[PDB]
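A quick write-up on the structure given underneath.
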Amino acid sequence: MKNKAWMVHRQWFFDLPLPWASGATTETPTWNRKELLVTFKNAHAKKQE
Amino acid sequence: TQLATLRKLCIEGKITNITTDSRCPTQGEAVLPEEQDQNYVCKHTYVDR
Amino acid sequence: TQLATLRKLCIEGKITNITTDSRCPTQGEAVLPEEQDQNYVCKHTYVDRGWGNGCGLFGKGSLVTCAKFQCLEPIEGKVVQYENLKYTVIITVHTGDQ
Amino acid sequence: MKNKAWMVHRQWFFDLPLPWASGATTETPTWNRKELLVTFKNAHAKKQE
Amino acid sequence: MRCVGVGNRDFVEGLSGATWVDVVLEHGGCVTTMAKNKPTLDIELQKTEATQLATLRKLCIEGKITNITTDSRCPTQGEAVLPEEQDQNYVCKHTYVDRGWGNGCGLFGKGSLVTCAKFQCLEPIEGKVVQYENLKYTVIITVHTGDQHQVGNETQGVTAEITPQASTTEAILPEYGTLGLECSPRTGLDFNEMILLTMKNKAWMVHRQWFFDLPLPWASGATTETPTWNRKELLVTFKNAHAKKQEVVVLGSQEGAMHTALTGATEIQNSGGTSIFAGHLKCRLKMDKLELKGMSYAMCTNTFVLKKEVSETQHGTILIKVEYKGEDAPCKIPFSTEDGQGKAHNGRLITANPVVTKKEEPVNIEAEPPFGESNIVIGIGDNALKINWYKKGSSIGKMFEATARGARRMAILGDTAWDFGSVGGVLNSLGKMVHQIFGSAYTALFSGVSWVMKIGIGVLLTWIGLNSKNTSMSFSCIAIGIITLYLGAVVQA
Amino acid sequence: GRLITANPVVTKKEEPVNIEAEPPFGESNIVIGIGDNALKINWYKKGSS
Amino acid sequence: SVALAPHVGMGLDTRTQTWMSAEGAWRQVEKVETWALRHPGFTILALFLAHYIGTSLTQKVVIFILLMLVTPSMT
Amino acid sequence: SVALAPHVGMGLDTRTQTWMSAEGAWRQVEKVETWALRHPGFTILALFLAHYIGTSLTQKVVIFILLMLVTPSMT
Amino acid sequence: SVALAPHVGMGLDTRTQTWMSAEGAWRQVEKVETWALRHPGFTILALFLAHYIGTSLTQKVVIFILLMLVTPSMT
Amino acid sequence: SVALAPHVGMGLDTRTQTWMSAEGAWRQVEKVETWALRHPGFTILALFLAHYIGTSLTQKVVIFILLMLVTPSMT
Ligand SMILES: *[C@@H]1O[C@H](CO)[C@@H](O[C@@H]2O[C@H](CO)[C@@H](O[C@@H]3O[C@H](CO)[C@@H](O)[C@H](O)[C@@H]3O)[C@H](O)[C@H]2NC(C)=O)[C@H](O)[C@H]1NC(C)=O
Ligand SMILES: *[C@@H]1O[C@H](CO)[C@@H](O[C@@H]2O[C@H](CO)[C@@H](O[C@@H]3O[C@H](CO)[C@@H](O)[C@H](O)[C@@H]3O)[C@H](O)[C@H]2NC(C)=O)[C@H](O)[C@H]1NC(C)=O
Ligand SMILES: *[C@@H]1O[C@H](CO)[C@@H](O[C@@H]2O[C@H](CO)[C@@H](O)[C@H](O)[C@H]2NC(C)=O)[C@H](O)[C@H]1NC(C)=O
Ligand SMILES: *[C@@H]1O[C@H](CO)[C@@H](O[C@@H]2O[C@H](CO)[C@@H](O)[C@H](O)[C@H]2NC(C)=O)[C@H](O)[C@H]1NC(C)=O
Numbered sequence: 479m480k481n482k483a484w485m486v487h488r489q490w491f492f493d494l495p496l497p498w499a500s501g502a503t504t505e506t507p508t509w510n511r512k513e514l515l516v517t518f519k520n521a522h523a524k525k526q527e
Numbered sequence: 331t332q333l334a335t336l337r338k339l340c341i342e343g344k345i346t347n348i349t350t351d352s353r354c355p356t357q358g359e360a361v362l363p364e365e366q367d368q369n370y371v372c373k374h375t376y377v378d379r
Numbered sequence: 331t332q333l334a335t336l337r338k339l340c341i342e343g344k345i346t347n348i349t350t351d352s353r354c355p356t357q358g359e360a361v362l363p364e365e366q367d368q369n370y371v372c373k374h375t376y377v378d379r380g381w382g383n384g385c386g387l388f389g390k391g392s393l394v395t396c397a398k399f400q401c402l403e404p405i406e407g408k409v410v411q412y413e414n415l416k417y418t419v420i421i422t423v424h425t426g427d428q
Numbered sequence: 479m480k481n482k483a484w485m486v487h488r489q490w491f492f493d494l495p496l497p498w499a500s501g502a503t504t505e506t507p508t509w510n511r512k513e514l515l516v517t518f519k520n521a522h523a524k525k526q527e
Numbered sequence: 281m282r283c284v285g286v287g288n289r290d291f292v293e294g295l296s297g298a299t300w301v302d303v304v305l306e307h308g309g310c311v312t313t314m315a316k317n318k319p320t321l322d323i324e325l326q327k328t329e330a331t332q333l334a335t336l337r338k339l340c341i342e343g344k345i346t347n348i349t350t351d352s353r354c355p356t357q358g359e360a361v362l363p364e365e366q367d368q369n370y371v372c373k374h375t376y377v378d379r380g381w382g383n384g385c386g387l388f389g390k391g392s393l394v395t396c397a398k399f400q401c402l403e404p405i406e407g408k409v410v411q412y413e414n415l416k417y418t419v420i421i422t423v424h425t426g427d428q429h430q431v432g433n434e435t436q437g438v439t440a441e442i443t444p445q446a447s448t449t450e451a452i453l454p455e456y457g458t459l460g461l462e463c464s465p466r467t468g469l470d471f472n473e474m475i476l477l478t479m480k481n482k483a484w485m486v487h488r489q490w491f492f493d494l495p496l497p498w499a500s501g502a503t504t505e506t507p508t509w510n511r512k513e514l515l516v517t518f519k520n521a522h523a524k525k526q527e528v529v530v531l532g533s534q535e536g537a538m539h540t541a542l543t544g545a546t547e548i549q550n551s552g553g554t555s556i557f558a559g560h561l562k563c564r565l566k567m568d569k570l571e572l573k574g575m576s577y578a579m580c581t582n583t584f585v586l587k588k589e590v591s592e593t594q595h596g597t598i599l600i601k602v603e604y605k606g607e608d609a610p611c612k613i614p615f616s617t618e619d620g621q622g623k624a625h626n627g628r629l630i631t632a633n634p635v636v637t638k639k640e641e642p643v644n645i646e647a648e649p650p651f652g653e654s655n656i657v658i659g660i661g662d663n664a665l666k667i668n669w670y671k672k673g674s675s676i677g678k679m680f681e682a683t684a685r686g687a688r689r690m691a692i693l694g695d696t697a698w699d700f701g702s703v704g705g706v707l708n709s710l711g712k713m714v715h716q717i718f719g720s721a722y723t724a725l726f727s728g729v730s731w732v733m734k735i736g737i738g739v740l741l742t743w744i745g746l747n748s749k750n751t752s753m754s755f756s757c758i759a760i761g762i763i764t765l766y767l768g769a770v771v772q773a
Numbered sequence: 627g628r629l630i631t632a633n634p635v636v637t638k639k640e641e642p643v644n645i646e647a648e649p650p651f652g653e654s655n656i657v658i659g660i661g662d663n664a665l666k667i668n669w670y671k672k673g674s675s
Numbered sequence: 140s141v142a143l144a145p146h147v148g149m150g151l152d153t154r155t156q157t158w159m160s161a162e163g164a165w166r167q168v169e170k171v172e173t174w175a176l177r178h179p180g181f182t183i184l185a186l187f188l189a190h191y192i193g194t195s196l197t198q199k200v201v202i203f204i205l206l207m208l209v210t211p212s213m214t
Numbered sequence: 140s141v142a143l144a145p146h147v148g149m150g151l152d153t154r155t156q157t158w159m160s161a162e163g164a165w166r167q168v169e170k171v172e173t174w175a176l177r178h179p180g181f182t183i184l185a186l187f188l189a190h191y192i193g194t195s196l197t198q199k200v201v202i203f204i205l206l207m208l209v210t211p212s213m214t
Numbered sequence: 140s141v142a143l144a145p146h147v148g149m150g151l152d153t154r155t156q157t158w159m160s161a162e163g164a165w166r167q168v169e170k171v172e173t174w175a176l177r178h179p180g181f182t183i184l185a186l187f188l189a190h191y192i193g194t195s196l197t198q199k200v201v202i203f204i205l206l207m208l209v210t211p212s213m214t
Numbered sequence: 140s141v142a143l144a145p146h147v148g149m150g151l152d153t154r155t156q157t158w159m160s161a162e163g164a165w166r167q168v169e170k171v172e173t174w175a176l177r178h179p180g181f182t183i184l185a186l187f188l189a190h191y192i193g194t195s196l197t198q199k200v201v202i203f204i205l206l207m208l209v210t211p212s213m214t
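Chains as they are written, first to last, in the UniProt record's numbering: chain A, 479 to 527; chain B, 331 to 379; chain C, 331 to 428; chain D, 479 to 527; chain E, 281 to 773; chain F, 627 to 675; chain G, 140 to 214; chain H, 140 to 214; chain I, 140 to 214; chain J, 140 to 214.
Right under this line is the structure:
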């Protein structure tokens, strides 16, 4: 990531919770599990943002 | 050398377009046309009308 | 009269546009770019891959399939709200009449 | 359904194990729980359709 | 070579008297036959056709109703009969309806009522049977040739077709001698009680009695011009709104309820002539007429080089692909295994005779090292590159995996799995006999018990076994319970 | 087992003489002629003694 | 799969005759009986279970009959 | 009606995976669980029956669990 | 912060929703559970430690639950 | 989020130090310490629980230390 690199155990590299993609660099990645990053907040009843 | 890329993650977001829809009580869950695209994420919540 | 649909549910379905990708055994899961569509049904299963399947590392890799889904003859369950009932009652008198 | 109607309990109808839609008389529905109507035979372990 | 990493592939190192080894090759996966001073034969079952089927009885799923008729009687007149009731195409039912002066009957009360309906089912599913004298069992075998296009190939081998007409057949390998298959297709998976259940475009295999107890109207299957349906009443219902009158309604199609009605059934592809898969047959291998490629070749005297890396096969074996750049004649590939800090010879060549063919074919060697750290030297001379592979695991892990494989194999074939390696006979036969004696009664006892219910009854029997003051009762109940749980965890594969 | 027929003999070559025999219960092979090409017939009788 | 859990026992009805009254009413017990006729061995198994547990007679009957009613229905 | 008595338990199979393995395997217990969730009162009834009959504890458990398994399946 | 000490349980709550409740409800629990399913090796040691420490099933259970809960959350 | 569950003990041993050994060696204990300094109330509850559950000295001290570690971490 950025200008730095790392080595992480493979089993631990899928269980860290973030959106992930096929890694085909096709310029339009359809991200699996988009819900995890974006967060909905519902105020006291009423609208939703 | 000669690496292979798989599971590129995403560590930021930019929610550009937002849409909403409502339905009267006891009238089923309100669908939104922008639901079946491969780039939209959302959940259903309950509001008092 | 004047019923409200509420939710409908289908009985017969049709499947089109089969797609499939696979990974080498230790690469992890496999994802197709069309999985996020609500019209696609997906399932993950483990398949043994090898040099006969064009993968350098032998073992069991994940597999996934997709399918467009458009149900036919959907049955719909409507509800009747109270403000549209049409109860009627017919009464007769014991007239002397043939 | 088809040409015959029926009367059913609310919870029972909400627990029929078939994929449902919203019923918002939309142009195209967005089916919940599609997986339950279609099976995926896995002949041995070679491939599945 | 015909199969690597399939998951159920299992070696058989049998050298009996007169060199015949009995393997019961199931359809799911192959077997590999490593033998001393013989070419290691790899055998997998291929498509098992069975053509020219006989219809037997067919039964329908969707029905249609036409030509409604109805008569009624005054309450005390008795039953009512329509002149068309005796037709086998008409469905009839008697119900009591209240009649009166509003219905043009002088006497008030409840009179009988009857309805009729012509019946012609649509999309009838037909259940055919296969008699033994048309089976098309075929077996494709391959030899562990040094060849680059052999690592996991599925379209290279020698086809040995073995019908019950020709019970025993021999297949001639092109330059390795010949193999003698002494099979026994008649004792394979039962094919006189199973009934193919081809409907729409998908086929199925079902039990004889179960197919004779499907609650749908059937026909004879005599390929007549028009069928004569038995037990039509069960597909159509007769709503009786209050007590005024009744009409008839069909129950639509049934293909969904049918597809649900058979889950444990195995599926079979059916295109034209049926090509059913998933059957298993036992066979005897006459390996006494084999030769090992060329045993009169010289050993190589030049270098080797790895075109592609080595890799495991989840069975403790390696596939080393080697290209021989040395211009000299085709030569036997020298091989030795160097153990950790030792010159000892451990491990063996599954290929058993790796030889280069044309100096340009990267012929590949397949072997297994000891479970420690190993060194695989591949050539003669000091400049002979050493492939080093570290195979994770221990011998006891191999023992446990073998125990699991053996138990799982017994869970399917029953008594037939008792003989899968050498012929033996001194002690194998007695074990087979005793296990068959117990297992026929066992499988005749629990026939028809589900997943969770078999698990539950097993655990109930175990709990009974842990609460009795009798050695016999305790041991019998606990053994039966544990066996039942293990069988339930594998049943409905 | 037992050859239920007394001792079958081919009276004339042109048209077959048909044998009858009763094999044992177990799966047993049956040969006829002599040599490599001798016709051999497999059978599997169902049942026990 | 929908045929399991048929709409029955729910209280929503009247004296008007409902859908498939006689057929649906006797369907379940006919299926249980035919499954029992298919596999008589489980009768021996259930008799053994009833005999070796219960420590009474009415209890023996209850476990035997109800257990025999379970398996064809859980099938 | 044919969905009852599914083809299962009959011994005719091998290691090749059969029709609808996972779905069909878990279907029956899922249906039983959802029926139980629909009607919790029968849990009280079965507890009363188990408590007032059995004259033991393991027997109480056996009648309770098996009885609770019956009714959603006989439904 | 370092996102190791979430601002939770301060008591100054109101009817209105917090910043993130639907996820912070189960975040830490899911971390513990994914840890436990990933590594079962610690379970054997935790069972031993709870078992050989003075054993009354109350004490054994509380020690086992705490010891199995603390290591994941506080690595 | 991802900030939780570092692979501190992942076991891929190396000779050179890791990304942040200096901070990560003490960050968890720092969190516990600052949580305790912020909130002294939990100490009384932990002492009470240990005293009224701990039959012996060692059981009491183990219960106290586990309770005083789990809650600040689970916060
Ligand atoms: C799903 O599968 C179907 C076939 O099973 C695919 O239909 C095919 O779609 C392509 C592109 O839409 C069609 O090609 C078209 O041909 C015309 C001929 O002039 C050309 O001018 C267009 O530019 C286009 O390339 C193709 O005919 C069609 N095949 C059929 C209908 O049999 C479909 O694309 C798959 N995907 C989806 C989302 O439906
Ligand atoms: C079952 O019901 C159908 C209608 O639901 C009946 O079909 C009707 O049959 C009659 C006699 O076969 C047809 O009348 C014919 O009309 C031609 C017109 O020229 C006349 O020349 C013939 O002599 C004959 O009378 C009628 O058209 C036909 N209606 C249809 C087909 O809609 C049928 O008779 C009933 N019974 C059976 C056993 O099918
Ligand atoms: C979703 O949001 C995008 C964000 O830009 C919107 O696209 C704009 O649409 C308006 C309306 O016609 C145009 O005037 C702008 O020029 C558009 N901007 C861009 C960058 O395209 C629009 O609301 C949505 N876009 C979709 C649905 O494709
Ligand atoms: C399985 O073996 C066959 C036979 O060798 C392979 O088919 C050959 O493919 C090569 C490709 O370079 C051709 O040059 C040959 O002419 C083919 N031989 C034939 C068709 O008889 C096949 O490719 C092998 N399978 C795999 C997956 O490689």
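Just so you know, even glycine gets a beta-carbon here, dropped at the ideal spot from N, CA and C.
Exercise. Rounded to whole angstroms, what's the CA-CA distance from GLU592 (chain E) to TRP174 (chain I)? Just pull it up for me.
Key: One-based indexing of the fifth sequence puts residue 592 (chain E) at position 312. One-based indexing of the ninth sequence puts residue 174 (chain I) at position 35. Cα to Cα, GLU592 (chain E) sits roughly 29 Å from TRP174 (chain I).
What residues from the region 177-201 of chain H come within 7 Å of chain K, judged by C-beta to C-beta, listed N to C? Absence of chain K from the displayed structure is noted, the protein chains being A, B, C, D, E, F, G, H, I and J.
- Where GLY297 (chain E) falls: helix, strand or coil (DSSP): On the fifth sequence, residue 297 (chain E) is found 17 positions in, with the first residue counted as 1. In the structure shown, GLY297 (chain E) sits in coil (DSSP, three-state: anything other than H, G, I, E or B).
Are the Cβ atoms of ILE202 (chain I) and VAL201 (chain J) separated by less than 8 Å? Within the ninth sequence, the letter at position 63 stands for residue 202 (chain I). Within the tenth sequence, the letter at position 62 stands for residue 201 (chain J). In this structure, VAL201 (chain J) lies closer than 8 Å to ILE202 (chain I) by Cβ.
- Item | Per-residue contacts from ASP378 (chain C) into chain E (C-beta, under 7 Å) | Locating residue 378 (chain C) in the third sequence gives position 48, counting from the first residue. Going along chain E in sequence order, the residues near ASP378 (chain C) (Cβ under 7 Å) are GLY285, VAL286, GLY287.
Discussion item. Please list the terminal residues of the continuous beta strand (DSSP E) segment that includes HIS374 (chain E).
Written reply: As a working mapping, residue 374 (chain E) is identified with position 94 in the fifth sequence. In the DSSP annotation of this structure, the continuous segment of the beta strand (DSSP E) that includes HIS374 (chain E) starts and ends at 373-379.
From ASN510 (chain D) to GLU359 (chain B), what does the alpha carbon distance come to, in whole angstroms? By one-based count along the fourth sequence, residue 510 (chain D) stands at place 32. By one-based count along the second sequence, residue 359 (chain B) stands at place 29. Between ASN510 (chain D) and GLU359 (chain B), the C-alpha separation is close to 11 Å.
* Asked: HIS146 (chain H) and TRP498 (chain E): beta carbons closer than 8 Å?
  -> Looking up residue 146 (chain H) in the eighth sequence gives position 7. Looking up residue 498 (chain E) in the fifth sequence gives position 218. Contact flag unset, no.
* Pick helix, strand or coil for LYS170 (chain J), following the three-state DSSP scheme. => Counting from one through the tenth sequence, the residue named residue 170 (chain J) turns up at place 31. Residue state, collapsed to three classes: helix.
Any heavy atom of ligand 4 within a distance shorter than 7 Å of the CB on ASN433 (chain E)?
Translated into positions along the fifth sequence, residue 433 (chain E) becomes position 153. Yes, ligand 4 has a heavy atom inside 7 Å of this Cβ.
Among E:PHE557, E:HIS487, E:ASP568, E:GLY596, nearest to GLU653 (chain E) - alpha-carbon criterion
On the fifth sequence, residue 653 (chain E) is found 373 positions in, with the first residue counted as 1. Of E:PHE557, E:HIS487, E:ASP568, E:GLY596, the residue nearest in Cα terms is E:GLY596.
Out of E:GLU646, E:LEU339, E:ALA624, E:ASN633, which has the shortest C-alpha to C-alpha gap to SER576 (chain E)?
Along the fifth sequence, read from residue 1 onward, the residue named residue 576 (chain E) stands at position 296. The residue with the shortest Cα to Cα distance from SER576 (chain E) is E:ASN633.
key: Bridge partner(s) assigned by DSSP for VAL516 (chain E)   = Numbered from its first residue, the fifth sequence carries residue 516 (chain E) at position 236. Paired residue(s): E:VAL530.
Can you say whether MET485 (chain E) is buried or exposed, counting buried as having 16 or more other CB atoms within 10 angstroms of its CB? By one-based count along the fifth sequence, residue 485 (chain E) stands at place 205. Under this definition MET485 (chain E) is a buried residue.
With a cut-off of 8 Å on the beta carbons, I'd call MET567 (chain E) and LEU459 (chain E) a contact; round off their distance for me.
Taking the first residue of the fifth sequence as position 1, residue 567 (chain E) is located at position 287. Taking the first residue of the fifth sequence as position 1, residue 459 (chain E) is located at position 179. Rounded, the Cβ-Cβ distance is 6 Å, consistent with contact.
### Query
Mind pulling the chain A residues with CB within less than 9 Å of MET159 (chain J)?
The residue labelled residue 159 (chain J) in the question sits at position 20 within the tenth sequence. Going along chain A, no residue has its Cβ under 9 Å from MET159 (chain J), so there is no contact; the nearest lies around 11 Å.
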